[PDB]
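Protein chains in written order, with the authors' numbering: chain o, 2 to 91; chain SP, 1 to 142; chain SJ, 2 to 130; chain ST, 2 to 142.
See structure below.
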Amino acid sequence: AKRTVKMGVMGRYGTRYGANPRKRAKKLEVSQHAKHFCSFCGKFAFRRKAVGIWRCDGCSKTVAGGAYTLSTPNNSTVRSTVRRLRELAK
Amino acid sequence: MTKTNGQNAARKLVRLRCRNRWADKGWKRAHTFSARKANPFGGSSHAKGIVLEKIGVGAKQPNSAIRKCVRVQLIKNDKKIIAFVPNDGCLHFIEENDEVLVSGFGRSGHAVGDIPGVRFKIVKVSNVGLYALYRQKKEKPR
Amino acid sequence: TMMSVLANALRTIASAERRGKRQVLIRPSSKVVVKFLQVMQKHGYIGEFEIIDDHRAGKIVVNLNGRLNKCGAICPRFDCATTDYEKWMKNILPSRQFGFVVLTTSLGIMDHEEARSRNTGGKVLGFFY
Amino acid sequence: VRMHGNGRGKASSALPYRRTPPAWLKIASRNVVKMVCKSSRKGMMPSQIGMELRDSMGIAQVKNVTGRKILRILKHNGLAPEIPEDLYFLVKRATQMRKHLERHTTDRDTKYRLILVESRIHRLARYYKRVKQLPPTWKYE
RNA sequence: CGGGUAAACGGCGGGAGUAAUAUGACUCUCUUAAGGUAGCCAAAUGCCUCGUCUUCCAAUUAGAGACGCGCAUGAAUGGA
RNA sequence: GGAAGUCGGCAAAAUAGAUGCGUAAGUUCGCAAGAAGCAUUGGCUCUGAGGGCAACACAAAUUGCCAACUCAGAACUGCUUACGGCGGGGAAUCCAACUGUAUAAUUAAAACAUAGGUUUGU
RNA sequence: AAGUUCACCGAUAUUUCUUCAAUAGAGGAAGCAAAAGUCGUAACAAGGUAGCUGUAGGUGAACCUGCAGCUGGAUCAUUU
RNA sequence: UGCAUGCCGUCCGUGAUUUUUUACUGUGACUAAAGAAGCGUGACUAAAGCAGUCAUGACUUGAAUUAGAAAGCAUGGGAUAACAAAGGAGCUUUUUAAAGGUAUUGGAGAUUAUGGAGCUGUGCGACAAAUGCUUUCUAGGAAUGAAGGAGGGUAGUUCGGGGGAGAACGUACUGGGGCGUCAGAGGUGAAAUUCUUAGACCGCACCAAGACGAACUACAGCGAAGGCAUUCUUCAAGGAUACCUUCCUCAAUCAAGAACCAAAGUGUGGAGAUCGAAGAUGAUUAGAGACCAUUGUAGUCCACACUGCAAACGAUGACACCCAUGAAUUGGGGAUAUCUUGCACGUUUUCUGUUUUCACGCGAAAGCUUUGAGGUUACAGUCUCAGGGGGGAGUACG
RNA sequence: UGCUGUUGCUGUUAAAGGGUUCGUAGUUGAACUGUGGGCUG
Ligand SMILES: [Mg+2]
Ligand SMILES: [Mg+2]
Ligand SMILES: [Mg+2]
Ligand SMILES: [Mg+2]
Ligand SMILES: [Mg+2]
Ligand SMILES: [Mg+2]
Ligand SMILES: [Mg+2]
Ligand SMILES: [Mg+2]
Ligand SMILES: [Mg+2]
Ligand SMILES: [Mg+2]
Ligand SMILES: [Mg+2]
Ligand SMILES: [Mg+2]
Ligand SMILES: [Mg+2]
Ligand SMILES: [Mg+2]
Ligand SMILES: [Mg+2]
Ligand SMILES: [Mg+2]
Ligand SMILES: [Mg+2]
Ligand SMILES: [Mg+2]
Ligand SMILES: [Mg+2]
Ligand SMILES: [Mg+2]
Ligand SMILES: [Mg+2]
Ligand SMILES: [Zn+2]
């Protein structure tokens with residue numbers, strides 16, 4: 002059975018700290034504890050150790066970035082921009 | 001393009017009629033109970049009561065007159081109503097604390113004529129017909 | 002989509018008759034449509050007609066002689082006992098002196114006068130006068 | 002396309018009344034059957050097999066030359082596709098759209114078209130299960 | 001000397017008089033940097049004061065709910 | 001007899017373990033909640049359930065040996081209600097969101113802190 | 001025969017919960033029917049700022065203002 | 001108490017072998033009175049009643065008959081339909097020879113061979129076969145058709161302000177400096193708030209930032225609706241057309257349930273040029289809180305998450321059939337004059353879309369009209385949503 | 001009283017088509033197996 006109607010992980014806080022702060026923190030908490038996709042391996046294997054550090058469960062890879070998710074939206078834009086500018090250079 | 005027509009479509013037609021009968025104002029009134037509770041008569045044609053006082057009601061425009069009425073408290077449920085007293089004179093026959101028999105005014109609870117908000121009429125006082133006294137075919141008892 | 006082939010054909014014939022046309026093309030055809038037309042032909046309400054084969058549901062070309070006033074189908078096909086002929090006659094026929102109600106019975110497709118003589122009931126298909 | 006959308010087009014082929022070979026076609030029926038099976042082994046689907054025979058091979062309406070239809074011939078020889086041909090193409094279209102939508106999450110027109118295609122798959126799979134052309138638990142993703 | 005700034009320190013009257021038994025929608029005047037807005041109240045903030053009405057008791061300077069002529073309520077000096 | 005005492009229920013009394021049933025308004029949906037409330041419990045003699053390892057053909061679906069405690073049901077029999085230990089409950093107003101800190105030796109709070117909000121310099 | 005003890009059927013009383021129907025209340029709102037005092041003129045003519053719909057803010061009062069829409073417009077029409 | 005006994009089609013019971021209902025319709029059976037219908041009858045008539053009529057009694061007196069929902073019972077008829085099954089490669093007969101392995105013998109109980117019959121493996125005779133073995137290269141040729149219903153395929157690598165992503169252009173509004181000049185500029189019906197010798201307005205070339213994409217632009221195109229307009233690259237779609245490709249009823253329309261949906265509004269991060277709810281300051285005015293002028297906050301723009309309302313309108317639900325004439329126009333295809341050097345154009349047909357000139361007819365009229373608001377008292381193609389005098393009121397309670 | 005409409009109502013402007021689609025129960029659903037013949041009046 003479901004055990005909760007919409008509190009999820011934040012059920013550990015009981016009735017403390019207010020509804021909107023709890024709802025805002027829950028979104029980042031779920032992402033921080035999820036398994037993310039490793040493009041080197043081809044499987045869902047990246048876990049966060051400390052803020053900004055992501056380690057693969059099977060292969061020995063460690064990656065930097067994000068603090069609550071593996072990749073931030075600004076970084077993808079930066080990647081495409083860098084690749085296109087380098088394509089112009091070469 | 002307004003109704004279904006299939007040979008095995010009786011259930012749809014039955015349900016459609018049942019819901020649309022409620023839109024009939026007359027049909028709904030006879031099949032609900034709100035009107036019966038509202039009616040000072042408990043669904044009867046006549047009722048008896050005690051006269052509280054004599055009042056005059058102004059006729060609605062463009063007519064101009066003072067229509068003679070009384071206010072009555074019914075014996076069956078202690079409700080208070082206003083009843084019109086017809087015919088020339090006929091107010092002297094009615095005294096305070098007299099028992100009267102009240103009837104409808106002919107439009108099934110709707111108001112009648114230029115009398116505002118009056119839907120009842122006096123037909124008997126002290127167990128003697130009011131019209132009989134007016135024609136002098138009987139004498140007021142006691 | 003098209004639900005009744007017979008209703009489509011009878012509506013087409015009635016319109017062409019109202020517009021004063023001499024020939025009318027009917028598509029698609031079926032066995033029920035052909036039998037209905039033959040009842041009309043026997044009583045002199047239409048002329049000859051031709052059935053064309055095309056390896057599908059065929060087509061019919063009908064010759065009109067101006068004597069038809071209206072033809073139409075009845076949907077759904079209500080059951081009619083031998084005691085219900087009078088009721089149907091008074092409801093959908095202009096008078097009791099002319100016009101026919103067409104039925105399908107166990108003995109075949111026929112008009113109400115023939116059906117009554119043989120003491121059989123059935124289902125109503127249409128009418129003409 | 003009338004099941005979904007507002008199209009009312011009427012464009013198709015019209016089969017002839019005379020169902021006899023044109024009498025200049027000297028291919029025997031048994032050669033045509035072997036000719037159909039060879040094209041299947043190459044990897045072509047039955048609808049493409051008919052067009053190859055029609056275009057450069059002189060055979061219009063295989064059914065008129067050999068009394069059988071193309072899918073019936075393949076079924077006899079064990080070369081029929083596992084999933085019916087029209088269902089295979091619809092599933093392939095849905096996969097390509099779903100791959101596109103993960104990169105482009107704001108393409109709301111494509112999301113609308115995906116709902117139409119997925120409804121069509123469920124309607125088509127419902128029919129094939131009833132006529133026993135699919136296992137009773139096929140369950141599209 | 002000129003500009004800017006109140007989630008800077010702070011301020012938010014001097015007031016009057018008119019109008020449909022009442023009353024004031026209505027009008028006139030005096031006057032400021034500006035003239036208390038949304039809310040809330042005899043409140044841990046009301047002098048008069050044990051204010052006035054309802055409820056709670058046999059009987060309540062106490063309690064609660066209402067009202068507002070608020071000595072001296074009121075918006076990050078944060079209001080509800 | 002039951003708060004009449006007193007500024008004031010101060011002090012004292014009172015509730016009480018375990019198991020089954022049952023549980024309101026309000027609400028940030030997590031709670032409120034042990035809400036409130038009703039019932040059972042001893043002793044004795046029995047019964048059932050819950051295990052271990054040893055001996056292409058499908059009731060080794062059976063023979064033997066042995067441990068450790070818990071739960072459930074029944075008959076009979078008894079109370080002077082009887083160690084210790086162990087929440088009293090309900091309806092509302094004011095203040096502070098909450099856990100925390102804090103005048104060693106008269107003040108533990110409504111004070112301080114807090115997460116959250118805003119402004120300034122660079 | 002009176003009488004003793006146990007099981008079962010079980011009236012009645014009290015207490016607790018559930019449902020249905022009626023009922024008082026300081027104070028606060030709405031509608032209608034009047035009579036006709038008071039203040040203005042939003043609508044109908046381009047009604048004197050074209051009108052109306054949805055939404056947001058303001059305001060003694062009809063209402064005013066911003067954004068998008070409609071003609072039920074005051075135009076069926078002008079680089080052929 | 002033998003007193004006795006003799007001088008081919010059917011009937012009935014039981015086993016083996018294999019299959020058609022339901023529904024509609026015609027008869028028939030079984031179905032309390034009273035009540036309704038009605039056969040007879042001069043209770044003086046009638047509402048009634050079932051009685052009475054006529055010459056040691058008769059009328060072998062009378063009191064007839066019918067209809068009553070639906071469901072249940074028997075039977076006969078096969079047109080319109082329903083249910084169930086299937087989804088087409090899970091698809092020979094006969095006649096003789098041989099080998100192997102209960103019932104009658106008097107009845108009752110045991111043991112026993114011989115045979116019947118099926119189970120099979122050998123030869124032989126005769127006749128069929130809906131698909132040619134004297135065959136093809138050794139089970140693989142016997143199946144309604146292909147809907148001017150649905151789905152899918154291939155092609156012009158067709159068509160379009162359809163959708164998403166990324167780079168780059170264009171003037172203009174605002175601002176800023178750089179070069180000049182000097183007395184006002186702005187705004188209005190008329191003015192004033194406002195800017196200006198600390199150089200405004202005006203002029204030239206630039207720089208920054210944010211929006212937007214003029215003229216071409218139309219009773220034109222695309223989209224389910226809301227909506228969509230610079231160029232280039234890129235991703236997945238959509239329609240129409242062409243087809244002697246494939247498939248074979250897979251469909252139409254809807255409670256429940258689901259997705260999208262202008263503007264305004266809400267939350268969290270950006271942005272902030274223009275315009276501008278609230279507010280401020282000038283004017284009009286008896287008053288003016290408005291209309292007008294100068295400003296100005298939220299907003300207007302982007303990303304992610306909500307909201308689900310509009311005169312969300314063609315005030316016209318979806319699918320299908322018939323229907324008068326001439327134009328025009330967008331896309332594709334078929335047949336046979338002009339121009340540039342494959343394109344455009346000319347004439348005539350065709351499929352799809354999109355419009356304009358009181359068609360018959362309809363309507364209270366205004367008006368609608370192949371594109372219906374037509375084909376309806378001569379009233380039946382299919383499904384579905386809503387209404388029942390005006391208010392109270394889309395309000396109260398849940 | 002065809003002002004409850006199965007027979008038999010209305011829905012451009014009088015009251016009334018849901019903003020647009022998808023979709024399940026439900027309702028509705030194309031054609032085909034099919035002229036018996038011969039002799040008398
Ligand atoms: Mg106060
Ligand atoms: Mg006390
Ligand atoms: Mg108080
Ligand atoms: Mg006590
Ligand atoms: Mg005391
Ligand atoms: Mg005392
Ligand atoms: Mg104590
Ligand atoms: Mg308890
Ligand atoms: Mg605290
Ligand atoms: Mg604490
Ligand atoms: Mg101390
Ligand atoms: Mg202390
Ligand atoms: Mg503090
Ligand atoms: Mg006045
Ligand atoms: Mg105006
Ligand atoms: Mg087809
Ligand atoms: Mg400039
Ligand atoms: Mg300059
Ligand atoms: Mg917006
Ligand atoms: Mg002005
Ligand atoms: Mg401005
Ligand atoms: Zn890895």
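A virtual CB, placed ideally from N, CA and C, is assigned to each residue, including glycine.
Host beta strand (DSSP E) of residue i (start-end)
i	result
SP:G104	99-104
SP:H46	46-58
SJ:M111	109-112
SP:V72	66-74
SJ:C72	72-74
SP:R135	Careful: SP:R135 lies outside any beta strand (DSSP E) and carries neither H nor E.
C-alpha gap between residue i and residue j, whole angstroms
i	j	result
o:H34	o:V6	20 Å
ST:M52	SJ:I52	35 Å
ST:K27	ST:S48	24 Å
o:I54	o:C39	14 Å
o:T70	o:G15	26 Å
ST:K64	ST:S30	10 Å
ST:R3	ST:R9	6 Å
SP:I66	SP:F33	36 Å
SP:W22	SP:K28	6 Å
o:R87	o:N76	16 Å
ST:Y18	SJ:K60	15 Å
Residue i Cβ short of 8 Å to ligand 22 heavy atom set
i	result
ST:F90	no
o:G67	no
o:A46	yes
o:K62	yes
Proximity to residue i [Cα-Cα], best of the options
i	options	result
SJ:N70	SJ:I47, SJ:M90, SJ:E87, SJ:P77	SJ:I47
ST:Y113	ST:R99, ST:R124, ST:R104	ST:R99
ST:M46	ST:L91, ST:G8, ST:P85	ST:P85
SJ:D85	SJ:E114, SJ:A74, SJ:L65, SJ:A58	SJ:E114
o:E30	o:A68, o:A90, o:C57, o:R56	o:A68
SP:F105	SP:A65, SP:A10, SP:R119	SP:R119
SJ:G21	SJ:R28, SJ:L11, SJ:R68	SJ:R68
SJ:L11	SJ:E49, SJ:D55, SJ:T105, SJ:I75	SJ:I75
Segment limits, alpha helix (DSSP H) that includes residue i
i	result
residue 95 of chain o	Summary: the structure shown does not reach residue 95 of chain o, with chain o confined to residues 2 through 91, and so no result is reported for it.
SJ:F37	32-43
o:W55	Careful: o:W55 lies outside any alpha helix (DSSP H), inside the beta strand (DSSP E) at 54-57.
Chain-ordered residues of the region 50-76 of chain SJ with a beta carbon less than 9 Å from chain SP: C76
Near-chain SJ residues of the region 3-17 of chain SP (beta-carbon distance less than 8 Å), N- to C-terminal order: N5, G6, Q7
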